[PDB]
Amino acid sequence: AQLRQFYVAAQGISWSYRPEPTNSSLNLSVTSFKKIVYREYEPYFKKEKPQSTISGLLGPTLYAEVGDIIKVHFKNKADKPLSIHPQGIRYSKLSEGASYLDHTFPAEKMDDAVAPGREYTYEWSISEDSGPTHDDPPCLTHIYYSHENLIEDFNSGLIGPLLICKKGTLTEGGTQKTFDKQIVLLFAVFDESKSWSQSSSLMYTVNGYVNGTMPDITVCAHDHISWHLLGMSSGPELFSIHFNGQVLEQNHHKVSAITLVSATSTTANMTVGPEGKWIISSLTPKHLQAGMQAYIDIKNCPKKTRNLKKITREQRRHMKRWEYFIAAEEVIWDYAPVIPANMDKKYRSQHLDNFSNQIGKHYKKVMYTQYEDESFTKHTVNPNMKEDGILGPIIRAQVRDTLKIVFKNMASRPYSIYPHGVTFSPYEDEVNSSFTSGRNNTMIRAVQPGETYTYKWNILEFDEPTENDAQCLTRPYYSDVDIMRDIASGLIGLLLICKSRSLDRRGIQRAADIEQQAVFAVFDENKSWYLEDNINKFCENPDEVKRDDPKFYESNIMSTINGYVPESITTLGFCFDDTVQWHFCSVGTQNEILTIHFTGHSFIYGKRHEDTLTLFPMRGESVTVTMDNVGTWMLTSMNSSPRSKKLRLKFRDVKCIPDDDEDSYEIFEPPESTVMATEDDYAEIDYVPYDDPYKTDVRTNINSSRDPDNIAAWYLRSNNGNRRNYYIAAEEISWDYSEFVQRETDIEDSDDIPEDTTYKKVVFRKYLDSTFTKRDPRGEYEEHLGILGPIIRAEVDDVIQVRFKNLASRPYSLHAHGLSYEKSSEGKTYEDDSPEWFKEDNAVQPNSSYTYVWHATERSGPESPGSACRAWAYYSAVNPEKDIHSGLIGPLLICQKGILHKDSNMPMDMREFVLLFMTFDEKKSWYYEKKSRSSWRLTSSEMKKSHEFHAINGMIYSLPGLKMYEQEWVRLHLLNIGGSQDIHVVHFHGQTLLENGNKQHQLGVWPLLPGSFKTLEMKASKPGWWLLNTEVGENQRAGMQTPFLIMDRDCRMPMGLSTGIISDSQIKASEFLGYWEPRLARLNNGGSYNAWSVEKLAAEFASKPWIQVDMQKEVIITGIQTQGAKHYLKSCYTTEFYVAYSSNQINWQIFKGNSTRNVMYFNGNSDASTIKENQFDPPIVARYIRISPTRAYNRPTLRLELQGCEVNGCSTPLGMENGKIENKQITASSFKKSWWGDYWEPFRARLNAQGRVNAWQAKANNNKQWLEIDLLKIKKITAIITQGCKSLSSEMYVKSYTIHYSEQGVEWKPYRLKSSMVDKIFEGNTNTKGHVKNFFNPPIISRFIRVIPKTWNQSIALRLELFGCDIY
Ligand SMILES: *[C@@H]1O[C@H](CO)[C@@H](O)[C@H](O)[C@H]1NC(C)=O
Ligand SMILES: *[C@@H]1O[C@H](CO)[C@@H](O)[C@H](O)[C@H]1NC(C)=O
Ligand SMILES: *[C@@H]1O[C@H](CO)[C@@H](O)[C@H](O)[C@H]1NC(C)=O
Ligand SMILES: *[C@@H]1O[C@H](CO)[C@@H](O)[C@H](O)[C@H]1NC(C)=O
């Protein structure tokens, strides 16, 4: 529980990015100088502490543990205002360090920017909420920076690691007890162009050094190393960190490559190998083009005192030599098997010398080939290896095993093989086998033609497969001499690390079909090593390289799946109740991430079924899909950019019920139960007799016309039932992008709105009838949805038959992820060979409605112990990128049983916020009619192409409806539909996000990969206005900044109408009755004429006399305490009513929240004299409130009191009402003592007291008296309210009071306006029972409060109350 005090200061240096701290006087530098960074100091800023050899620009690590309050003294020294902003802490408004309009007072604006040469102090209390849980690494790593100017401060330096660990796991010096060494790395992309001194620069660095020249990291042998990898970049950049020859453990997954996104952080294991020096690099092709490397040195330390654990079995069982002969060979290859060319390339040329059309494409690749004999004299290997194209033979390696690799280069250029993630185990030590590795342990002889040599690979007990992992892991292998132009060449491979023990080089399990190799390789022929002979010699053109391309650099590059273009890959085939093993890998020099989608089928990923998978460059990912829905489907890439879109693999799914036939085609197999071992000609007949799914469906009968009830009949074969009917339609409306931030709310970059921000686009709108004649108005729950369509929700095992009617000018359809469905209910129109009866769902014509029947099942539900609900999405699928853009998109939520109300399907457990972090390229949208356009000067001038309106739900700034209470669990359904090379790192200011499930991981920010629908849980920390934003600077500066509001926990306070705060003139009504004035209606109790009534109730509608309450200030109101008024055996009360709210007196909105009607009809009060309390489920913010009765007993008559809290601040009783403020805290000078009155003691002044109420009194009745409030700590006091005392056959109260406040209790600093040193006179009260509320223009941030009754009517009396919250 120790307090950790750190000292930092942002100071200027002269950095050169070169490895040298001091090597020579003269400097030859890549263009950058004079940056600013902050470094740690000794206490009281004596002199700078020595910096580590590794951390050049990386700041000091501010280590801490939960329960430790850390104070950072920030004495700025650079010549620019700056600040420090954390990332994963429940920091307050005084230590946030971020400058936006939070409507906070000037006392709390000092943290946003400190002037140079002026000090401050940052306090970040760490609690159990923002700390590591079980199943979580001991130390969580975050990054803190300067929030004054995120674009300019980062690029000029100003970065620091931030570790928050568990309890008792941190030493005095900040080192974990269990880990021998901890190393902090910063893969940052510094840009000196957007810096203090603009010099053209794009250097790619680790820590503060460029070109992989950071000094080597020296570690001992077989050591436990904990890594803290940070990645930051001003623009969207992706880091794919790879530890060559090593394996790490990240989030209970043993992986060789760690993937990071800009402005993120990660921690992981590492167990070091015996000897030798390795290298770590980045697998991103543009990152590998530059250096971005670090060298890790492993030296056998004699003084290490190695335990010699020797944890190994070394017993003959479960191991075999498994010799593999993979001698590479130079071949000719056809990227497009246009003519039926099968079984690889035994026959070589058959060439027409034309790149297009028939064979003769002549893309001369060097692929790996498998042999069987020592001398390689005969090929000797020819498995049925069709549809496995340019791929090295697959190596299946068990745990504990070893294997042998032999090459014989039959090409001209020397080549090699690099086991990527295959020498993951500590590579066997060598003395001469290094083969001039270049001091990197990289075994590359670069085998010459007619040369042969052998590699040794192995594995220890600790292995990449883990308990929470797939059966077999995927890891590729390639060459090292030139990565780009050999990946562009045929030197490609893929091998598996199978945890399953029973493989024996025959097969893993002959019950799961193995469609092992599906590799999206992008071979760039313009980068091919054999370009000169290929391109020129075999065309009707002269001899020029011609790499400047009108088309060539785009025409020659071909995206293929296993070396075959998807336009000529024959359809696949798997039968019913079959498991299929898929091993994907993105290896082509695309530099862009790739996502894939299974139509009608879902994976198993961890313990989730994801239905969509994202691929990173040179990282292997393996999933297993089980066939469940009959018919034909496909795999497709959802990136769907005009570059590299057509990547589709069509696979069938048939009931393979005729098991009597023995002849099963060997590969591409319908697998029998018994395990025997101890293009064209694929998806055709002689496959086990496959029943035509289009004429033998049991789910759908095609003899008669399609009926949704008939289809849902077979779906509802169980007791679940629960049909959920949704009537939805597509309508074209004029949409606002910036109308909420035109002149108010958050800052705007679209100054003066050069365009109207009123683009026309089509959206989803829900209806209640099948006639589509009446609309269902959007309530307050969904007012944050914006452009998103209605929330379609259902339970598990349910069937959702949805009726969709097109009301636009173009055909639109409806396609839903995750949920199971027939081909008769789908939105995608591909070549599925379907009849015309399955093609009526593909496109829905205007003025026509089609009913879709989806069946929620076990695959579409959340985990067993995980989050309650999980999110999918539905969108028009006639043309996706033209349909998700233009506004056709919506959320689809599925939850476990017993969570949604039957009549209205809304979960009552937790609030749900659906946010679609996507940007809308309006050029892609339809209705993009350009008139008098092209007036823009640059290609990035106007927001039609320069800015894609980076928005959260269609609104660039200040998305409304984001309201939640503090200390409240809310469920966040973060979505990202399709997209392309755009990963959003979602950051909530002052909040930490928990990833629920079977592991319970806690994060500060979440990188949102495209196509991922991640559901999280968040607990609000403190009230106020906090900023929701993506953490990338350049996308945040121009959008994605929604200030969301966190309300007080106790927002149930009388907003007036009973105490007397609301003036008599602030209340009006539509009609009268005679002496039943609207003035009397506000009072909750008392009075002979005590309420408001009218003559009679209307008939056609409410059309009822309303009553309006004025506030002169927007406040949060949560409920209303309505009651009747009975008098002389006559009773009257409002039985039913609805409430309308508005900020001004023009735009009136009727309240409807969680109600199965057009508007809410509150249940009213059954009998008079009984206070009935109602609650508004989302609290409403407004200034005027109109409540109008709809039904009542006899003549309507109403008394009303409003409950709520003040907005944009802490307005809660700090005490003085409940027992929170002890009697021993507060006191005063002198009390009146009388025998009959006993003691008129202090500490009895409380907001409401009765009997012998003791408000306050004085035994002298003079000017110098006061009442003192002694809070335990420094608190923020906002408002004070006074109410005098009881009549007591007299009339005693105060007229005017003056305030002095102090912290130590001796200073007594008066509170006054900036006029002069005279106490400000505060308004008193006239009523004996009335409450008069006084606000503070600056809030008194102090401990002690003195209030002095300067002006008094009689013996001084006072029953005060205080409001506010704790500071930290
Ligand atoms: C790190 O590795 C050890 C053993 O390999 C494992 O027990 C632990 O759970 C891993 N994760 C940590 C320490 O966060
Ligand atoms: C060194 O780094 C620069 C960027 O700062 C990069 O352009 C250059 O290619 C690197 N050097 C080599 C040999 O790749
Ligand atoms: C659809 O019907 C409406 C009549 O309600 C008609 O005005 C419209 O022209 C028709 N066609 C389209 C494409 O909306
Ligand atoms: C929401 O409405 C349902 C019925 O419409 C009701 O049972 C439930 O109590 C409501 N929830 C809240 C928080 O008012």
# chains A, B, ... in the order shown; residues from 1 in each chain; ligands from 1
call {"tool": "select_by_dssp", "arguments": {"residues": "stretch 1020-1202 of chain A", "states": "strand (DSSP E or B)", "output": "PyMOL selection string"}}
result
chain A and resi 1024-1030+1041-1047+1053-1054+1067-1069+1092-1093+1107-1109+1115-1123+1127+1130+1133-1142+1149-1150+1162+1172-1182+1184-1193+1197-1199+1202
call {"tool": "residues_near_ligand", "arguments": {"ligand": "ligand 3", "cutoff": "7 Å", "atoms": "only C-alpha atoms and all ligand atoms", "output": "ChimeraX atom specification"}}
result
/A:807-810,846-847
call {"tool": "select_by_dssp", "arguments": {"residues": "stretch 264-394 of chain A", "states": "alpha helix (DSSP H)", "output": "list in words"}}
result
residues 285, 286, 287, 288 and 289 of chain A
call {"tool": "write_last_selection", "arguments": {"atoms": "N, CA, C and O atoms", "output": "compact mmCIF listing (two decimals), in the first residue's frame"}}
result
# COMPACT_ATOMS: atom_id res chain seq x y z
N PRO A 285 5.57 -6.49 -44.61
CA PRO A 285 6.54 -6.28 -45.70
C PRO A 285 7.12 -4.88 -45.76
O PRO A 285 8.32 -4.72 -46.00
N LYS A 286 6.30 -3.85 -45.52
CA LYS A 286 6.84 -2.49 -45.52
C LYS A 286 7.68 -2.22 -44.28
O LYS A 286 8.54 -1.34 -44.29
N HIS A 287 7.44 -2.97 -43.19
CA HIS A 287 8.28 -2.87 -42.01
C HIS A 287 9.59 -3.64 -42.19
O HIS A 287 10.62 -3.22 -41.65
N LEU A 288 9.55 -4.75 -42.91
CA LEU A 288 10.76 -5.50 -43.21
C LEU A 288 11.61 -4.83 -44.28
O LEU A 288 12.82 -5.07 -44.33
N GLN A 289 11.00 -3.99 -45.13
CA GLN A 289 11.79 -3.22 -46.08
C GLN A 289 12.76 -2.29 -45.36
O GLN A 289 13.92 -2.18 -45.75
call {"tool": "closest_atom_pairs", "arguments": {"of": "chain A", "to": "ligand 1", "cutoff": "7 Å", "atoms": "only C-alpha atoms and all ligand atoms", "output": "CSV"}}
result
residue,atom,partner,partner_atom_place_in_ligand_line,distance
A:136,CA,ligand 1,14 (O),5.9
A:137,CA,ligand 1,14 (O),3.2
A:138,CA,ligand 1,14 (O),5.5
A:249,CA,ligand 1,1 (C),6.2
A:268,CA,ligand 1,14 (O),6.5
A:269,CA,ligand 1,1 (C),4.7
call {"tool": "write_last_selection", "arguments": {"atoms": "C-alpha atoms", "output": "CSV table (one decimal), in the first residue's frame"}}
result
chain,number,residue,atom,x,y,z
A,136,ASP,CA,-4.0,-12.7,-16.6
A,137,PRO,CA,-0.3,-12.0,-16.6
A,138,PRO,CA,1.0,-10.5,-13.4
A,249,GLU,CA,3.1,-17.3,-24.4
A,268,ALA,CA,4.1,-12.3,-22.6
A,269,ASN,CA,6.4,-15.1,-21.4
call {"tool": "residues_around", "arguments": {"residues": "residue A:646", "least_positions_apart": "2", "cutoff": "9 Å", "atoms": "only C-alpha atoms", "output": "count of residues only"}}
result
11
call {"tool": "closest_residue", "arguments": {"among": "A:183, A:293, A:1094, A:151", "to": "ligand 2", "atoms": "only C-alpha atoms and all ligand atoms"}}
result
A:293
call {"tool": "atom_distance", "arguments": {"atom1": "atom CA of residue A:1114", "atom2": "atom CA of residue A:990"}}
result
24.5 Å
call {"tool": "residues_near_ligand", "arguments": {"ligand": "ligand 2", "cutoff": "9 Å", "atoms": "only C-alpha atoms and all ligand atoms", "output": "ChimeraX atom specification"}}
result
/A:17,30-31,201-205,210-212,288-292
call {"tool": "write_last_selection", "arguments": {"atoms": "N, CA and C atoms", "output": "PDB file, in the first residue's frame"}}
result
ATOM      1  N   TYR A  17      19.036   9.233 -33.930  1.00  0.00           N
ATOM      2  CA  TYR A  17      18.512   7.922 -34.305  1.00  0.00           C
ATOM      3  C   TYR A  17      19.631   6.934 -34.616  1.00  0.00           C
ATOM      4  N   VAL A  30      20.259  10.567 -40.686  1.00  0.00           N
ATOM      5  CA  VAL A  30      18.964  10.631 -41.345  1.00  0.00           C
ATOM      6  C   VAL A  30      18.220  11.835 -40.784  1.00  0.00           C
ATOM      7  N   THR A  31      17.365  12.441 -41.602  1.00  0.00           N
ATOM      8  CA  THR A  31      16.931  13.814 -41.365  1.00  0.00           C
ATOM      9  C   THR A  31      16.060  13.855 -40.115  1.00  0.00           C
ATOM     10  N   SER A 201      10.957  13.047 -43.010  1.00  0.00           N
ATOM     11  CA  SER A 201      11.463  11.829 -42.395  1.00  0.00           C
ATOM     12  C   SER A 201      10.336  10.826 -42.212  1.00  0.00           C
ATOM     13  N   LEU A 202      10.671   9.551 -42.416  1.00  0.00           N
ATOM     14  CA  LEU A 202       9.729   8.454 -42.244  1.00  0.00           C
ATOM     15  C   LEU A 202      10.394   7.256 -41.573  1.00  0.00           C
ATOM     16  N   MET A 203      11.404   7.497 -40.737  1.00  0.00           N
ATOM     17  CA  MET A 203      12.210   6.401 -40.212  1.00  0.00           C
ATOM     18  C   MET A 203      11.374   5.458 -39.354  1.00  0.00           C
ATOM     19  N   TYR A 204      11.663   4.165 -39.477  1.00  0.00           N
ATOM     20  CA  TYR A 204      10.986   3.118 -38.724  1.00  0.00           C
ATOM     21  C   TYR A 204      11.961   2.611 -37.670  1.00  0.00           C
ATOM     22  N   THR A 205      11.617   2.797 -36.400  1.00  0.00           N
ATOM     23  CA  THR A 205      12.556   2.609 -35.306  1.00  0.00           C
ATOM     24  C   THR A 205      12.023   1.631 -34.269  1.00  0.00           C
ATOM     25  N   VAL A 210      17.287   3.551 -35.437  1.00  0.00           N
ATOM     26  CA  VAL A 210      16.769   3.218 -36.757  1.00  0.00           C
ATOM     27  C   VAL A 210      17.755   2.288 -37.452  1.00  0.00           C
ATOM     28  N   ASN A 211      17.234   1.473 -38.371  1.00  0.00           N
ATOM     29  CA  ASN A 211      18.016   0.542 -39.184  1.00  0.00           C
ATOM     30  C   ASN A 211      18.554  -0.625 -38.367  1.00  0.00           C
ATOM     31  N   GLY A 212      17.807  -1.048 -37.352  1.00  0.00           N
ATOM     32  CA  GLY A 212      18.161  -2.241 -36.600  1.00  0.00           C
ATOM     33  C   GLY A 212      19.536  -2.188 -35.974  1.00  0.00           C
ATOM     34  N   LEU A 288       9.550  -4.754 -42.911  1.00  0.00           N
ATOM     35  CA  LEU A 288      10.760  -5.504 -43.208  1.00  0.00           C
ATOM     36  C   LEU A 288      11.607  -4.829 -44.277  1.00  0.00           C
ATOM     37  N   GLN A 289      11.000  -3.994 -45.126  1.00  0.00           N
ATOM     38  CA  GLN A 289      11.787  -3.222 -46.082  1.00  0.00           C
ATOM     39  C   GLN A 289      12.755  -2.293 -45.363  1.00  0.00           C
ATOM     40  N   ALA A 290      12.289  -1.623 -44.313  1.00  0.00           N
ATOM     41  CA  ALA A 290      13.178  -0.917 -43.407  1.00  0.00           C
ATOM     42  C   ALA A 290      13.751  -1.905 -42.396  1.00  0.00           C
ATOM     43  N   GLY A 291      14.605  -1.419 -41.502  1.00  0.00           N
ATOM     44  CA  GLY A 291      15.204  -2.318 -40.537  1.00  0.00           C
ATOM     45  C   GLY A 291      14.244  -2.806 -39.472  1.00  0.00           C
ATOM     46  N   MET A 292      13.892  -1.925 -38.540  1.00  0.00           N
ATOM     47  CA  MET A 292      13.037  -2.239 -37.394  1.00  0.00           C
ATOM     48  C   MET A 292      13.386  -3.610 -36.809  1.00  0.00           C
TER      49      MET A 292
END
call {"tool": "residues_near_ligand", "arguments": {"ligand": "ligand 4", "cutoff": "6 Å", "atoms": "only C-alpha atoms and all ligand atoms", "output": "mmCIF file with N, CA and C atoms, in the first residue's frame"}}
result
data_model
loop_
_atom_site.group_PDB
_atom_site.id
_atom_site.type_symbol
_atom_site.label_atom_id
_atom_site.label_comp_id
_atom_site.auth_asym_id
_atom_site.auth_seq_id
_atom_site.Cartn_x
_atom_site.Cartn_y
_atom_site.Cartn_z
ATOM 1 N N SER A 904 -41.803 -7.768 -24.996
ATOM 2 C CA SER A 904 -40.785 -6.843 -25.557
ATOM 3 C C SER A 904 -39.427 -7.511 -25.333
ATOM 4 N N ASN A 1154 -38.659 1.252 -23.156
ATOM 5 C CA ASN A 1154 -39.069 -0.091 -22.754
ATOM 6 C C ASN A 1154 -40.584 -0.132 -22.535
ATOM 7 N N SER A 1155 -41.310 0.111 -23.623
ATOM 8 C CA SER A 1155 -42.763 0.075 -23.613
ATOM 9 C C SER A 1155 -43.247 -0.511 -24.928
ATOM 10 N N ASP A 1177 -36.435 4.992 -17.400
ATOM 11 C CA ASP A 1177 -35.364 4.005 -17.526
ATOM 12 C C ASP A 1177 -34.079 4.614 -18.076
#
call {"tool": "residues_around", "arguments": {"residues": "stretch 1178-1187 of chain A", "least_positions_apart": "4", "cutoff": "7 Å", "atoms": "only C-alpha atoms", "output": "JSON, numbers by chain"}}
result
{"A": [780, 781, 1106, 1107, 1108, 1109, 1110, 1111, 1112, 1113, 1114, 1115, 1116, 1117, 1118, 1138, 1139, 1140, 1141, 1142, 1143, 1144]}
call {"tool": "closest_residue", "arguments": {"among": "A:582, A:984, A:208, A:552", "to": "residue A:260", "atoms": "only C-alpha atoms"}}
result
A:984
call {"tool": "closest_residue", "arguments": {"among": "A:275, A:1136, A:1173, A:1217", "to": "residue A:221", "atoms": "only C-alpha atoms"}}
result
A:275
call {"tool": "atom_distance", "arguments": {"atom1": "atom CA of residue A:41", "atom2": "atom CA of residue A:184"}}
result
19.3 Å
call {"tool": "closest_residue", "arguments": {"among": "A:578, A:1071, A:736, A:769", "to": "residue A:957", "atoms": "only C-alpha atoms"}}
result
A:736
call {"tool": "residues_around", "arguments": {"residues": "residue A:794", "least_positions_apart": "2", "cutoff": "9 Å", "atoms": "only C-alpha atoms", "output": "PyMOL selection string"}}
result
chain A and resi 722+724+792+796-800+856+892-896+900+905
call {"tool": "residues_around", "arguments": {"residues": "residue A:1065", "least_positions_apart": "2", "cutoff": "9 Å", "atoms": "only C-alpha atoms", "output": "ChimeraX atom specification"}}
result
/A:1062-1063,1067-1068,1079,1110
call {"tool": "write_last_selection", "arguments": {"atoms": "N, CA, C and O atoms", "output": "short mmCIF file (atom, residue, chain, number, x, y, z; two decimals), in the first residue's frame"}}
result
data_model
loop_
_atom_site.label_atom_id
_atom_site.label_comp_id
_atom_site.auth_asym_id
_atom_site.auth_seq_id
_atom_site.Cartn_x
_atom_site.Cartn_y
_atom_site.Cartn_z
N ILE A 1062 -38.24 25.66 -7.15
CA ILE A 1062 -38.96 26.09 -8.34
C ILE A 1062 -39.85 27.27 -7.98
O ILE A 1062 -40.68 27.19 -7.07
N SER A 1063 -39.68 28.38 -8.70
CA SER A 1063 -40.42 29.58 -8.38
C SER A 1063 -41.90 29.40 -8.72
O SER A 1063 -42.28 28.54 -9.52
N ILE A 1067 -44.34 27.64 -13.42
CA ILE A 1067 -45.30 26.56 -13.67
C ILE A 1067 -46.52 27.14 -14.36
O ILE A 1067 -47.07 28.16 -13.91
N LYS A 1068 -46.95 26.50 -15.44
CA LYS A 1068 -48.10 26.93 -16.22
C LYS A 1068 -48.86 25.70 -16.68
O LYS A 1068 -48.37 24.57 -16.60
N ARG A 1079 -50.17 26.76 -9.90
CA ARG A 1079 -49.25 27.03 -8.80
C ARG A 1079 -49.38 25.97 -7.72
O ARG A 1079 -48.37 25.53 -7.16
N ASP A 1110 -40.66 24.69 -15.48
CA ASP A 1110 -39.48 25.36 -15.99
C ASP A 1110 -38.31 25.15 -15.03
O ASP A 1110 -38.48 24.93 -13.83
#
call {"tool": "residues_around", "arguments": {"residues": "residue A:594", "least_positions_apart": "5", "cutoff": "9 Å", "atoms": "only C-alpha atoms", "output": "tab-separated table (two decimals) with N, CA and C atoms, in the first residue's frame"}}
result
chain	number	residue	atom	x	y	z
A	520	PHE	N	-3.65	-17.94	-49.11
A	520	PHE	CA	-3.89	-16.79	-49.97
A	520	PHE	C	-2.55	-16.12	-50.26
A	586	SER	N	-1.63	-15.96	-44.84
A	586	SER	CA	-1.48	-14.86	-45.78
A	586	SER	C	0.01	-14.55	-45.90
A	613	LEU	N	-12.78	-14.76	-39.89
A	613	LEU	CA	-11.39	-14.87	-39.45
A	613	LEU	C	-10.54	-13.85	-40.18
A	614	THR	N	-9.62	-13.22	-39.45
A	614	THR	CA	-8.70	-12.24	-40.02
A	614	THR	C	-7.30	-12.83	-40.10
A	615	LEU	N	-6.61	-12.55	-41.20
A	615	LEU	CA	-5.29	-13.10	-41.46
A	615	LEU	C	-4.26	-11.99	-41.48
A	616	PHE	N	-3.17	-12.18	-40.76
A	616	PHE	CA	-2.04	-11.27	-40.72
A	616	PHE	C	-0.93	-11.77	-41.63
A	617	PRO	N	-0.07	-10.89	-42.12
A	617	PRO	CA	0.98	-11.32	-43.05
A	617	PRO	C	1.94	-12.31	-42.40
A	637	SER	N	-13.55	-13.40	-49.16
A	637	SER	CA	-12.82	-12.36	-48.46
A	637	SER	C	-13.70	-11.12	-48.35
A	638	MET	N	-13.93	-10.66	-47.12
A	638	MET	CA	-14.81	-9.53	-46.88
A	638	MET	C	-14.13	-8.18	-47.09
A	639	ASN	N	-12.80	-8.16	-47.28
A	639	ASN	CA	-12.15	-6.90	-47.63
A	639	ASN	C	-12.76	-6.32	-48.89
A	980	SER	N	-11.29	-2.30	-44.63
A	980	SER	CA	-10.05	-2.63	-45.34
A	980	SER	C	-8.91	-1.89	-44.67
A	981	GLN	N	-7.88	-2.64	-44.26
A	981	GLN	CA	-6.66	-2.13	-43.63
A	981	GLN	C	-6.94	-0.98	-42.67
A	1010	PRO	N	-11.01	-5.82	-38.27
A	1010	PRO	CA	-12.16	-5.80	-39.17
A	1010	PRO	C	-12.89	-7.14	-39.17
call {"tool": "atom_distance", "arguments": {"atom1": "atom CA of residue A:548", "atom2": "atom CA of residue A:282"}}
result
28.5 Å
